[PDB]
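**Q** test case, fold it:
(3 chains)
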Amino acid sequence: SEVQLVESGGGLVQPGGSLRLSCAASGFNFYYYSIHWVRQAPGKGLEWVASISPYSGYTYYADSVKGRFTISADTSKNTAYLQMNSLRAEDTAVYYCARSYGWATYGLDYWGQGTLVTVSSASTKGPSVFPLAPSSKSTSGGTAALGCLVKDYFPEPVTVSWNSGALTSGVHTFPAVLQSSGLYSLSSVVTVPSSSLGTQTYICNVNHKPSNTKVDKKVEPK
Amino acid sequence: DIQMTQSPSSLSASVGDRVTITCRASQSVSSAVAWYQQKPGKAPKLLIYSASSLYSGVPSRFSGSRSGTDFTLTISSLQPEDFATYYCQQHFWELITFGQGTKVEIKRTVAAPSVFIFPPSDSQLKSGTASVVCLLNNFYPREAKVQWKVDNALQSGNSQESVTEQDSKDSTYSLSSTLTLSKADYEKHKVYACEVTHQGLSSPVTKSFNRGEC
Amino acid sequence: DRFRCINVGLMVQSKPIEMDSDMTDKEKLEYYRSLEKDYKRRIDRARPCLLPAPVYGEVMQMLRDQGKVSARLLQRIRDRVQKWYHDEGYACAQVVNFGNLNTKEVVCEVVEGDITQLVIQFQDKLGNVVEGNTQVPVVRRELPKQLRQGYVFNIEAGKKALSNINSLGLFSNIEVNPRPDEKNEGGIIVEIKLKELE
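**A** Numbering: from 1, shown residues only, chains lettered A, B, ... in the order given. Let me share the structure:
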């Protein structure tokens, strides 16, 4: 009964490039509804980008995107489309497709799954994993912290496990931060008892499926 | 331009409280305001479609209300499944405008962080880069200030922090702060410290090291 | 490919409408169309506004010289409509909503500032607000019919009151002020502050 939206397309593009996103309308009659495109930046709020009018073909765009995006729809296959041009870095976001019945007076009820559009002068790159030295002078008694620093890679995601999944309690894999290079950098720390430092040796299993890199690194004190 | 001001940026609440989020339209132009709930990694769901009308299949604890240019979303008894980000939205014809968002988080006891310094890896100085890492583990609330002191001097532009989602078990926050430098600048200066200010710290603590001496 | 009409309604009233589950979109067109029908019903039940024909015409010319209906154009229309209302001394008038029956018919909803209560506040010589209904019966007369509940507030009726009661020489300071009525949405309280001579 509740048949829904799938956004198709989307991927990596460079500054100045172009892309086209599809939005497949299954189970609803989008003459009575209006199709809107809304983008969510990385870890940021929601921003409306484009809209099509029900019935008639009136097209409305946000001023941040006017002159580079064009919305459209194919009534036959129950589809809507979004063309993006002269792409800039600030367009990096997840792009949702959602319907609202009527025009400009009701709520966006059914949303899509989403699609990520990364706009980077990119290079798929494996990371370099560096050890986080545990502290000989145990700063906070009882426990000491050690981890890994996945320093330079592109694109997302990376998965950091510990001792092949045995060490799970105390691990904090932090969200990645993009630097002034176009490459991400994360750290993954874990707190362990100060006694178990010399008996047990801990290893990180970093994994970067997009670049098929698989580094495993042991972290020991110096 | 039309602008919604959503407040508070975040509030912390316990299971069972009645929580009220407000957002204000910059001009009296439209009653077509909707409320959405979005849980991380997913798509926002519609809660309220007209300014006060309960949408289908939404629990009865959600309510909407309007007073002029003031719109209010209200949850009667907070359930665990209602911790998310909340967005208000307005339809000024073409201008679809969202509020900045409200993060609803779990209330918990104040807890100062554990602070750990980290020198750049011995391997990293053989790549030209240097990364000094400061870890703040298991603290609450989220408001924390990391201050990088190289020879008793602040550093800006070269520090990046990341913050974890609320702990799924103990409801705490962990933060990392990377200070990225070049090998020459790291070799010249001597004492590297990270000073942490937090609510649960009566005074700011500082974790420090000297490069090369153990 | 245009906008055919601007309706301008005045709204106070009350609303209901309820809701349901089992959202078969096939069906739920039911609810989303019942709302449209109820909106049309409301637009006919509603009271027409004080906007004269020339300003209707000017707003419609603004709407025609721009084929597409943009929110900035609606803002300019609001500016014009409130300019008219305030120019005629309808100080409390305000636009509150821009609804639609379809993308071609725009519905502008205004709150004109109807009067819900009349309040007379007396103050002693030193400005300390006091009670007393000895002057109320005479001040109730020498008040225009247009200030009573059931009319839209106009500052000209306020000036007529401020001069009729002024002619009696019984107060050292007379003020007529509209105030937002907290118990009624869009209603207006006409309060008349009287300060006595000595």
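
**Q** from now on I want contacts and neighbour counts done on CA atoms only, so please keep to that.
**A** Noted.

**Q** how many neighbours does residue 36 have?
**A** I'll assume chain A. Counted by other C-alpha atoms under 10 Å in any protein chain shown, the residues lying close to residue A:36 total 24.

**Q** you answered for a different chain; I wanted chain C.
**A** By other C-alpha under 10 Å, 15 other residues sit near residue C:36.

**Q** quick check: which element contains the residue lying closest to it once chain neighbours are set aside?
**A** In space, and not counting its chain neighbours, residue C:36 is closest to residue C:101: 6.9 Å by C-alpha to C-alpha, 6 or more residues apart in numbering or on different chains. Assigned by DSSP states H and E, residue C:101 belongs to strand C:94-102.

**Q** and after that strand, which helix or strand comes next?
**A** On the C-terminal side of strand C:94-102, the closest following helix or strand by DSSP H and E is strand C:105-111.

**Q** is that following strand positioned near chain B?
**A** No: Strand C:105-111 is not in contact with chain B by C-alpha under 8 Å from any C-alpha of the partner chain; minimum separation 9.3 Å.

**Q** in chain B, what residue comes closest to chain C?
**A** Nearest to chain C, among the residues of chain B, is residue B:30, at 4.5 Å (C-alpha to the nearest C-alpha).

**Q** how about that residue, what does it touch?
**A** Shown in contact with residue B:30 (C-alpha atoms under 8 Å, 6 or more residues apart in numbering or on different chains): B:90-92, C:96-99.

**Q** my guess is residue A:147 meets residue A:187, correct?
**A** Yes: counting by C-alpha atoms under 8 Å, residue A:147 touches residue A:187, with 7.0 Å between them.

**Q** residue ranges for the helices of the chain, please.
**A** Just going to use chain A. In chain A, no helices are defined using DSSP state H.

**Q** oops, I was thinking of chain C
**A** C:25-45, C:53-65, C:71-87, C:136-140, C:155-164.

**Q** right, and chain B sits closest to which residue of chain C?
**A** Taking C-alpha to the nearest C-alpha, chain C has residue C:97 as its residue nearest chain B, at 4.5 Å.

**Q** so that residue bridges to which residues?
**A** residue C:109 (DSSP bridges).

**Q** burial measure for it, as a count.
**A** Residues near residue C:97, counting by other C-alpha under 10 Å, number 20.

**Q** same check on residue C:66?
**A** Other residues close to residue C:66 by other C-alpha under 10 Å number 12.

**Q** and it, backbone torsions?
**A** According to degrees, to the nearest 10, the main-chain angles of residue C:66 amount to phi -120, psi 100.

**Q** now whatever residue of chain A ends up closest to chain C: closest residue in space, sequence neighbours ignored.
**A** Per C-alpha to the nearest C-alpha, residue A:1 is where chain A lies closest to chain C, at 5.1 Å. Nearest residue to residue A:1 in three dimensions, chain neighbours excluded: residue C:24, at 5.1 Å (C-alpha to C-alpha, 6+ apart).

**Q** cool, and residue B:37?
**A** Nearest residue to residue B:37, sequence neighbours excluded (C-alpha to C-alpha, 6+ apart): residue B:86, at 4.7 Å.

**Q** contacts for the helix or strand harbouring residue B:91?
**A** Assessed by DSSP H and E, residue B:91 sits inside strand B:85-92. By C-alpha under 8 Å, 6+ apart, the surrounding residues in contact with strand B:85-92 are A:104-106, B:2, B:4, B:6, B:23, B:29-40, B:96-104, C:71, C:98.

**Q** show me the chain divided up by domain.
**A** Since no chain was named, I'll use chain A. Here the domain parsing of chain A from curated CATH domains is A:5-119, A:128-219.

**Q** hm, I was asking about chain C
**A** As recorded under automatic domain parsing, the domains making up chain C are C:5-111, C:115-195.

**Q** is it possible to get CSV of those that adds distance to residue A:65?
**A** Formatted as CSV, the domains of chain C follow (distance: least, C-alpha to C-alpha, whole Å):
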stretch, distance to residue A:65
domain C:5-111, 16
domain C:115-195, 38
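
**Q** residue contacts, residue A:2?
**A** Counting by C-alpha under 8 Å, 6+ apart, residue A:2 makes contact with A:27, C:23-25.

**Q** those, buried ones only, as a PyMOL selection?
**A** To isolate the buried ones among the contacts of residue A:2 in PyMOL, judged by 16 or more other C-alpha atoms under 10 Å in any protein chain shown, type:
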select buried, chain C and resi 25
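
**Q** next, give phi and psi for the residue nearest to residue A:1.
**A** phi -60, psi 110.

**Q** hang on, isn't it packed against residue A:27?
**A** No: assessed by C-alpha under 8 Å, residue C:24 is found out of contact with residue A:27, at 9.4 Å.

**Q** give the residues shared as contacts by these two.
**A** By C-alpha under 8 Å, 6+ apart, residue C:24 and residue A:27 have these common neighbours: A:1-2.

**Q** tabulate the helices of chain C (CSV), appending distance to residue A:47.
**A** Formatted as CSV, these follow (distance: least, C-alpha to C-alpha, whole Å):
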stretch, distance to residue A:47
helix C:25-45, 25
helix C:53-65, 28
helix C:71-87, 17
helix C:136-140, 56
helix C:155-164, 43
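
**Q** quick one, what contacts the residue nearest the centre of chain B?
**A** In chain B, the C-alpha nearest the mean C-alpha coordinate belongs to residue B:142, at 6.8 Å (C-alpha atoms, centre = their mean). Counting by C-alpha under 8 Å, 6+ apart, residue B:142 touches residue B:173.

**Q** in a strand, it, correct?
**A** No: per DSSP: H, G, I helix; E, B strand; the rest coil, residue B:142 lies outside any strand segment and is coil.

**Q** so what's the residue count around the residue nearest to residue C:36?
**A** Residue neighbour count, defined by other C-alpha under 10 Å, stands at 16 for residue C:101.

**Q** before we move on, what about residue C:31?
**A** 16.
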